[PDB]
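Remarks on the structure that follows.
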Amino acid sequence: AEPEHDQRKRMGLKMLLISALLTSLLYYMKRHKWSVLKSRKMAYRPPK
Amino acid sequence: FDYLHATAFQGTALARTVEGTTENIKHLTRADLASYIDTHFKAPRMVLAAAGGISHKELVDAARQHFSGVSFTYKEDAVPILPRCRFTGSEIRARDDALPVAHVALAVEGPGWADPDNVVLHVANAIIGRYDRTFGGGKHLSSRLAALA
Ligand SMILES: CCCCCCCCO[C@@H]1O[C@H](CO)[C@@H](O)[C@H](O)[C@H]1O
């Protein structure tokens with residue numbers, strides 16, 4: 001009924017592994033860049 | 001330029017305005033002024049310089065007579081070395097759309113007086129030079145940025 005079966009699960013594994021790695025590696029690069037805005041601090045200094 | 005300092009060297013001492021704070025100038029005391037003079041205005045850290053139609057000897061002679069204050073302990077001959085100032089990549093934006101123009105200032109950490117590289121750097125800074133509305137130079141100026149500007 002589904003001869004691929006085997007190669008299908010084999011890939012699945014591979015997918016889960018890249019997908020784990022790559023998703024994490026990007027969680028970094030998303031934060032890294034965003035940090036600038038998250039750490040940011042502002043103040044309202046009217047005139048005298 | 002003050003703000004530039006205030007955040008480029010932020011947190012350190014270099015990152016302060018020369019004129020000092022509003023609170024300080026409101027409370028400094030005869031006392032505090034005294035100390036500054038006393039603690040800082042010391043001969044091993046002062047330099048008598050001059051140029052003109054003067055004889056070297058004649059000059060020094062005067063020094064010997066008024067710049068007396070001869071010292072005892074080694075402390076007084078020592079130049080207090082200063083704490084390092086940490087550069088920090090960052091920005092500080094002060095907005096007021098009510099102003100006619102906007103000033104921006106970008107910078108990297110410099111090398112420090114001693115370094116023989118400052119020469120190269122100044123050679124560079126010359127390549128880009130500077131420009132300003134009145135410059136008769138115009139579209140023919142040599143500074144790429146000046147030209148585009
Ligand atoms: C369940 C039936 C499995 C038949 C295929 C046996 C080989 C499985 O293996 C896979 O075969 C692919 C072929 O398309 C190759 O591209 C893969 O690299 C290989 O790992």
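By convention here, the chains of the structure tokens are called A, B, ... in the order presented, each chain's residues are numbered starting at 1, and ligands are numbered starting at 1 in the order presented.
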
List the spatial neighbours of stretch 33-41 of chain A as a PyMOL selection string - criterion: any atom at most 10 Å away, only C-alpha atoms, same-chain residues fewer than 6 positions off excluded.
chain B and resi 90-92

Generate a file of the selected residues that holds N, CA and C atoms, formatted as a short mmCIF file (atom, residue, chain, number, x, y, z; two decimals), in the first residue's frame.
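What follows is the written file part-v7.cif:
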data_model
loop_
_atom_site.label_atom_id
_atom_site.label_comp_id
_atom_site.auth_asym_id
_atom_site.auth_seq_id
_atom_site.Cartn_x
_atom_site.Cartn_y
_atom_site.Cartn_z
N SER B 90 26.90 51.66 20.72
CA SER B 90 25.56 51.99 21.13
C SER B 90 25.12 53.32 20.60
N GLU B 91 23.88 53.67 20.91
CA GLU B 91 23.33 54.93 20.47
C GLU B 91 22.49 55.57 21.55
N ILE B 92 22.29 56.87 21.39
CA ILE B 92 21.46 57.70 22.26
C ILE B 92 20.80 58.70 21.30
#

Within 6 Å of ligand 1 (only C-alpha atoms and all ligand atoms), residues as a PDB file with N, CA, C and O atoms, in the first residue's frame:
ATOM      1  N   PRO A   3       4.844   1.484  -0.438  1.00  0.00           N
ATOM      2  CA  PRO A   3       6.224   1.053  -0.615  1.00  0.00           C
ATOM      3  C   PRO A   3       7.246   2.038  -0.077  1.00  0.00           C
ATOM      4  O   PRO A   3       8.253   1.627   0.490  1.00  0.00           O
ATOM      5  N   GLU A   4       7.003   3.335  -0.245  1.00  0.00           N
ATOM      6  CA  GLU A   4       7.937   4.322   0.273  1.00  0.00           C
ATOM      7  C   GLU A   4       8.148   4.168   1.787  1.00  0.00           C
ATOM      8  O   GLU A   4       9.265   4.334   2.272  1.00  0.00           O
ATOM      9  N   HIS A   5       7.075   3.844   2.511  1.00  0.00           N
ATOM     10  CA  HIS A   5       7.083   3.671   3.969  1.00  0.00           C
ATOM     11  C   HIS A   5       8.426   3.862   4.628  1.00  0.00           C
ATOM     12  O   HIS A   5       8.621   4.782   5.410  1.00  0.00           O
ATOM     13  N   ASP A   6       9.356   2.973   4.307  1.00  0.00           N
ATOM     14  CA  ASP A   6      10.703   3.040   4.861  1.00  0.00           C
ATOM     15  C   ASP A   6      11.442   4.348   4.577  1.00  0.00           C
ATOM     16  O   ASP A   6      11.790   5.079   5.498  1.00  0.00           O
ATOM     17  N   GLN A   7      11.684   4.652   3.311  1.00  0.00           N
ATOM     18  CA  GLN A   7      12.385   5.884   2.986  1.00  0.00           C
ATOM     19  C   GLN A   7      11.645   7.095   3.557  1.00  0.00           C
ATOM     20  O   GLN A   7      12.239   8.148   3.811  1.00  0.00           O
TER      21      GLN A   7
END

Based on DSSP run over this structure's backbone, return all residues of chain A in alpha helix (DSSP H), as a PDB file with N, CA, C and O atoms, in the first residue's frame.
ATOM      1  N   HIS A   5       7.075   3.844   2.511  1.00  0.00           N
ATOM      2  CA  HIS A   5       7.083   3.671   3.969  1.00  0.00           C
ATOM      3  C   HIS A   5       8.426   3.862   4.628  1.00  0.00           C
ATOM      4  O   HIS A   5       8.621   4.782   5.410  1.00  0.00           O
ATOM      5  N   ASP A   6       9.356   2.973   4.307  1.00  0.00           N
ATOM      6  CA  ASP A   6      10.703   3.040   4.861  1.00  0.00           C
ATOM      7  C   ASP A   6      11.442   4.348   4.577  1.00  0.00           C
ATOM      8  O   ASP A   6      11.790   5.079   5.498  1.00  0.00           O
ATOM      9  N   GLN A   7      11.684   4.652   3.311  1.00  0.00           N
ATOM     10  CA  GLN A   7      12.385   5.884   2.986  1.00  0.00           C
ATOM     11  C   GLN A   7      11.645   7.095   3.557  1.00  0.00           C
ATOM     12  O   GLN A   7      12.239   8.148   3.811  1.00  0.00           O
ATOM     13  N   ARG A   8      10.347   6.937   3.769  1.00  0.00           N
ATOM     14  CA  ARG A   8       9.545   8.027   4.308  1.00  0.00           C
ATOM     15  C   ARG A   8       9.919   8.326   5.756  1.00  0.00           C
ATOM     16  O   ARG A   8      10.119   9.471   6.136  1.00  0.00           O
ATOM     17  N   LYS A   9      10.013   7.291   6.570  1.00  0.00           N
ATOM     18  CA  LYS A   9      10.362   7.490   7.953  1.00  0.00           C
ATOM     19  C   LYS A   9      11.819   7.886   8.086  1.00  0.00           C
ATOM     20  O   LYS A   9      12.164   8.671   8.958  1.00  0.00           O
ATOM     21  N   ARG A  10      12.677   7.364   7.214  1.00  0.00           N
ATOM     22  CA  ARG A  10      14.094   7.698   7.287  1.00  0.00           C
ATOM     23  C   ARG A  10      14.267   9.180   7.114  1.00  0.00           C
ATOM     24  O   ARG A  10      15.004   9.824   7.859  1.00  0.00           O
ATOM     25  N   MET A  11      13.596   9.728   6.115  1.00  0.00           N
ATOM     26  CA  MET A  11      13.671  11.158   5.911  1.00  0.00           C
ATOM     27  C   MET A  11      13.131  11.889   7.147  1.00  0.00           C
ATOM     28  O   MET A  11      13.766  12.819   7.659  1.00  0.00           O
ATOM     29  N   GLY A  12      11.955  11.450   7.608  1.00  0.00           N
ATOM     30  CA  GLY A  12      11.311  12.040   8.774  1.00  0.00           C
ATOM     31  C   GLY A  12      12.347  12.303   9.833  1.00  0.00           C
ATOM     32  O   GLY A  12      12.496  13.434  10.300  1.00  0.00           O
ATOM     33  N   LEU A  13      13.074  11.254  10.202  1.00  0.00           N
ATOM     34  CA  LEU A  13      14.137  11.386  11.181  1.00  0.00           C
ATOM     35  C   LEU A  13      14.983  12.582  10.783  1.00  0.00           C
ATOM     36  O   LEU A  13      14.997  13.595  11.486  1.00  0.00           O
ATOM     37  N   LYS A  14      15.679  12.451   9.652  1.00  0.00           N
ATOM     38  CA  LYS A  14      16.534  13.520   9.131  1.00  0.00           C
ATOM     39  C   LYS A  14      15.902  14.902   9.252  1.00  0.00           C
ATOM     40  O   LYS A  14      16.563  15.865   9.647  1.00  0.00           O
ATOM     41  N   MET A  15      14.627  14.993   8.894  1.00  0.00           N
ATOM     42  CA  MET A  15      13.903  16.246   8.990  1.00  0.00           C
ATOM     43  C   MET A  15      13.882  16.697  10.444  1.00  0.00           C
ATOM     44  O   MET A  15      14.299  17.812  10.753  1.00  0.00           O
ATOM     45  N   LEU A  16      13.421  15.842  11.341  1.00  0.00           N
ATOM     46  CA  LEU A  16      13.377  16.223  12.743  1.00  0.00           C
ATOM     47  C   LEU A  16      14.692  16.721  13.278  1.00  0.00           C
ATOM     48  O   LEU A  16      14.699  17.579  14.148  1.00  0.00           O
ATOM     49  N   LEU A  17      15.799  16.175  12.776  1.00  0.00           N
ATOM     50  CA  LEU A  17      17.130  16.590  13.234  1.00  0.00           C
ATOM     51  C   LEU A  17      17.581  17.929  12.680  1.00  0.00           C
ATOM     52  O   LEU A  17      18.102  18.776  13.404  1.00  0.00           O
ATOM     53  N   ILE A  18      17.402  18.137  11.389  1.00  0.00           N
ATOM     54  CA  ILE A  18      17.770  19.425  10.867  1.00  0.00           C
ATOM     55  C   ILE A  18      16.849  20.425  11.559  1.00  0.00           C
ATOM     56  O   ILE A  18      17.309  21.344  12.230  1.00  0.00           O
ATOM     57  N   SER A  19      15.547  20.200  11.411  1.00  0.00           N
ATOM     58  CA  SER A  19      14.514  21.057  11.992  1.00  0.00           C
ATOM     59  C   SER A  19      14.741  21.446  13.460  1.00  0.00           C
ATOM     60  O   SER A  19      14.378  22.541  13.890  1.00  0.00           O
ATOM     61  N   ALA A  20      15.324  20.547  14.241  1.00  0.00           N
ATOM     62  CA  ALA A  20      15.580  20.850  15.638  1.00  0.00           C
ATOM     63  C   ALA A  20      16.691  21.887  15.679  1.00  0.00           C
ATOM     64  O   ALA A  20      16.529  22.984  16.225  1.00  0.00           O
ATOM     65  N   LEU A  21      17.812  21.513  15.064  1.00  0.00           N
ATOM     66  CA  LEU A  21      19.015  22.333  14.974  1.00  0.00           C
ATOM     67  C   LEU A  21      18.756  23.728  14.405  1.00  0.00           C
ATOM     68  O   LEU A  21      19.028  24.747  15.063  1.00  0.00           O
ATOM     69  N   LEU A  22      18.229  23.753  13.180  1.00  0.00           N
ATOM     70  CA  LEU A  22      17.927  24.983  12.441  1.00  0.00           C
ATOM     71  C   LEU A  22      16.949  25.940  13.120  1.00  0.00           C
ATOM     72  O   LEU A  22      17.091  27.162  13.032  1.00  0.00           O
ATOM     73  N   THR A  23      15.941  25.383  13.780  1.00  0.00           N
ATOM     74  CA  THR A  23      14.967  26.197  14.489  1.00  0.00           C
ATOM     75  C   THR A  23      15.650  26.871  15.658  1.00  0.00           C
ATOM     76  O   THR A  23      15.397  28.029  15.940  1.00  0.00           O
ATOM     77  N   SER A  24      16.510  26.140  16.353  1.00  0.00           N
ATOM     78  CA  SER A  24      17.203  26.732  17.480  1.00  0.00           C
ATOM     79  C   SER A  24      18.181  27.780  16.988  1.00  0.00           C
ATOM     80  O   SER A  24      18.128  28.935  17.426  1.00  0.00           O
ATOM     81  N   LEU A  25      19.044  27.391  16.059  1.00  0.00           N
ATOM     82  CA  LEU A  25      20.006  28.327  15.512  1.00  0.00           C
ATOM     83  C   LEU A  25      19.364  29.639  15.112  1.00  0.00           C
ATOM     84  O   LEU A  25      20.027  30.674  15.142  1.00  0.00           O
ATOM     85  N   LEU A  26      18.098  29.599  14.699  1.00  0.00           N
ATOM     86  CA  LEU A  26      17.396  30.822  14.303  1.00  0.00           C
ATOM     87  C   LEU A  26      16.756  31.555  15.463  1.00  0.00           C
ATOM     88  O   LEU A  26      16.452  32.744  15.345  1.00  0.00           O
ATOM     89  N   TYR A  27      16.528  30.852  16.572  1.00  0.00           N
ATOM     90  CA  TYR A  27      15.910  31.504  17.697  1.00  0.00           C
ATOM     91  C   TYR A  27      16.897  32.519  18.183  1.00  0.00           C
ATOM     92  O   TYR A  27      16.544  33.569  18.746  1.00  0.00           O
ATOM     93  N   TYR A  28      18.159  32.195  17.932  1.00  0.00           N
ATOM     94  CA  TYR A  28      19.248  33.062  18.321  1.00  0.00           C
ATOM     95  C   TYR A  28      19.239  34.322  17.474  1.00  0.00           C
ATOM     96  O   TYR A  28      18.991  35.423  17.956  1.00  0.00           O
ATOM     97  N   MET A  29      19.474  34.125  16.192  1.00  0.00           N
ATOM     98  CA  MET A  29      19.509  35.214  15.240  1.00  0.00           C
ATOM     99  C   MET A  29      18.263  36.091  15.258  1.00  0.00           C
ATOM    100  O   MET A  29      18.298  37.199  14.728  1.00  0.00           O
ATOM    101  N   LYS A  30      17.153  35.610  15.811  1.00  0.00           N
ATOM    102  CA  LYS A  30      15.965  36.456  15.856  1.00  0.00           C
ATOM    103  C   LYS A  30      16.113  37.341  17.075  1.00  0.00           C
ATOM    104  O   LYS A  30      15.868  38.555  17.016  1.00  0.00           O
ATOM    105  N   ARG A  31      16.519  36.727  18.182  1.00  0.00           N
ATOM    106  CA  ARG A  31      16.707  37.463  19.429  1.00  0.00           C
ATOM    107  C   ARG A  31      17.855  38.443  19.324  1.00  0.00           C
ATOM    108  O   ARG A  31      17.725  39.626  19.651  1.00  0.00           O
ATOM    109  N   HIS A  32      18.985  37.921  18.863  1.00  0.00           N
ATOM    110  CA  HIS A  32      20.186  38.702  18.692  1.00  0.00           C
ATOM    111  C   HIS A  32      19.820  40.050  18.144  1.00  0.00           C
ATOM    112  O   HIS A  32      20.045  41.061  18.786  1.00  0.00           O
ATOM    113  N   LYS A  33      19.241  40.054  16.946  1.00  0.00           N
ATOM    114  CA  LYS A  33      18.844  41.301  16.308  1.00  0.00           C
ATOM    115  C   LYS A  33      17.838  42.067  17.142  1.00  0.00           C
ATOM    116  O   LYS A  33      17.994  43.270  17.339  1.00  0.00           O
ATOM    117  N   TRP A  34      16.810  41.378  17.643  1.00  0.00           N
ATOM    118  CA  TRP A  34      15.806  42.060  18.441  1.00  0.00           C
ATOM    119  C   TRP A  34      16.301  42.638  19.762  1.00  0.00           C
ATOM    120  O   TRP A  34      15.827  43.676  20.217  1.00  0.00           O
ATOM    121  N   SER A  35      17.278  41.992  20.374  1.00  0.00           N
ATOM    122  CA  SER A  35      17.840  42.512  21.619  1.00  0.00           C
ATOM    123  C   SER A  35      17.799  44.051  21.695  1.00  0.00           C
ATOM    124  O   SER A  35      17.272  44.641  22.649  1.00  0.00           O
ATOM    125  N   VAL A  36      18.372  44.673  20.665  1.00  0.00           N
ATOM    126  CA  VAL A  36      18.458  46.116  20.551  1.00  0.00           C
ATOM    127  C   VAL A  36      17.194  46.768  21.020  1.00  0.00           C
ATOM    128  O   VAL A  36      17.267  47.706  21.799  1.00  0.00           O
ATOM    129  N   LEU A  37      16.043  46.274  20.564  1.00  0.00           N
ATOM    130  CA  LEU A  37      14.759  46.851  20.953  1.00  0.00           C
ATOM    131  C   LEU A  37      14.268  46.400  22.306  1.00  0.00           C
ATOM    132  O   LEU A  37      13.563  47.131  22.995  1.00  0.00           O
ATOM    133  N   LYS A  38      14.629  45.192  22.697  1.00  0.00           N
ATOM    134  CA  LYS A  38      14.177  44.739  23.979  1.00  0.00           C
ATOM    135  C   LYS A  38      14.930  45.421  25.086  1.00  0.00           C
ATOM    136  O   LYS A  38      14.312  45.871  26.026  1.00  0.00           O
ATOM    137  N   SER A  39      16.249  45.549  24.971  1.00  0.00           N
ATOM    138  CA  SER A  39      17.041  46.201  26.031  1.00  0.00           C
ATOM    139  C   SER A  39      16.784  47.701  26.140  1.00  0.00           C
ATOM    140  O   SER A  39      16.860  48.283  27.214  1.00  0.00           O
TER     141      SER A  39
END

Between B:19, B:32, B:61, B:77, smallest distance to residue B:45 by only C-alpha atoms belongs to B:77

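Here atom CA of residue B:142 stands at a distance of 8.5 Å from atom CA of residue B:128.
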
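For the pair atom CA of residue B:67 and atom CA of residue B:43, the interatomic distance is 7.8 Å.
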
Checklist line | Selection near residue A:43, 12 Å with only C-alpha atoms, sequence-local residues under 5 positions removed, as a ChimeraX atom specification | finding: /B:92-95

Written selection (C-alpha atoms) as a short mmCIF file (atom, residue, chain, number, x, y, z; two decimals), in the first residue's frame:
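What follows is the written file selection.cif:
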data_model
loop_
_atom_site.label_atom_id
_atom_site.label_comp_id
_atom_site.auth_asym_id
_atom_site.auth_seq_id
_atom_site.Cartn_x
_atom_site.Cartn_y
_atom_site.Cartn_z
CA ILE B 92 21.46 57.70 22.26
CA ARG B 93 18.74 59.51 20.30
CA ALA B 94 17.37 62.85 21.49
CA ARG B 95 14.37 63.80 19.45
#

What separates atom CA of residue B:20 and atom CA of residue B:33 is a distance of 13.1 Å

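Neighbouring residues of residue B:2 at 8 Å or closer, counting only C-alpha atoms and skipping chain neighbours under 2 positions away, are residues 4, 5, 6, 15, 16 and 17 of chain B.
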
How would the residues just picked look written out with N, CA, C and O atoms as an mmCIF file, in the first residue's frame?
data_model
loop_
_atom_site.group_PDB
_atom_site.id
_atom_site.type_symbol
_atom_site.label_atom_id
_atom_site.label_comp_id
_atom_site.auth_asym_id
_atom_site.auth_seq_id
_atom_site.Cartn_x
_atom_site.Cartn_y
_atom_site.Cartn_z
ATOM 1 N N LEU B 4 27.633 61.995 22.281
ATOM 2 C CA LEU B 4 28.468 60.989 21.666
ATOM 3 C C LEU B 4 29.373 60.435 22.760
ATOM 4 O O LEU B 4 29.429 59.224 22.967
ATOM 5 N N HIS B 5 30.079 61.316 23.466
ATOM 6 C CA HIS B 5 30.946 60.865 24.542
ATOM 7 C C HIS B 5 30.136 60.118 25.591
ATOM 8 O O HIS B 5 30.456 58.976 25.946
ATOM 9 N N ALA B 6 29.069 60.756 26.060
ATOM 10 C CA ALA B 6 28.193 60.187 27.082
ATOM 11 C C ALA B 6 27.689 58.762 26.884
ATOM 12 O O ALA B 6 27.207 58.150 27.831
ATOM 13 N N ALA B 15 33.043 59.687 29.721
ATOM 14 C CA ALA B 15 31.669 59.989 29.322
ATOM 15 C C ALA B 15 30.960 61.117 30.107
ATOM 16 O O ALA B 15 29.743 61.071 30.290
ATOM 17 N N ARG B 16 31.708 62.110 30.582
ATOM 18 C CA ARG B 16 31.093 63.224 31.302
ATOM 19 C C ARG B 16 31.283 64.533 30.580
ATOM 20 O O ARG B 16 32.211 64.704 29.807
ATOM 21 N N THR B 17 30.374 65.460 30.832
ATOM 22 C CA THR B 17 30.449 66.772 30.222
ATOM 23 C C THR B 17 31.552 67.513 30.961
ATOM 24 O O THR B 17 31.779 67.274 32.151
#
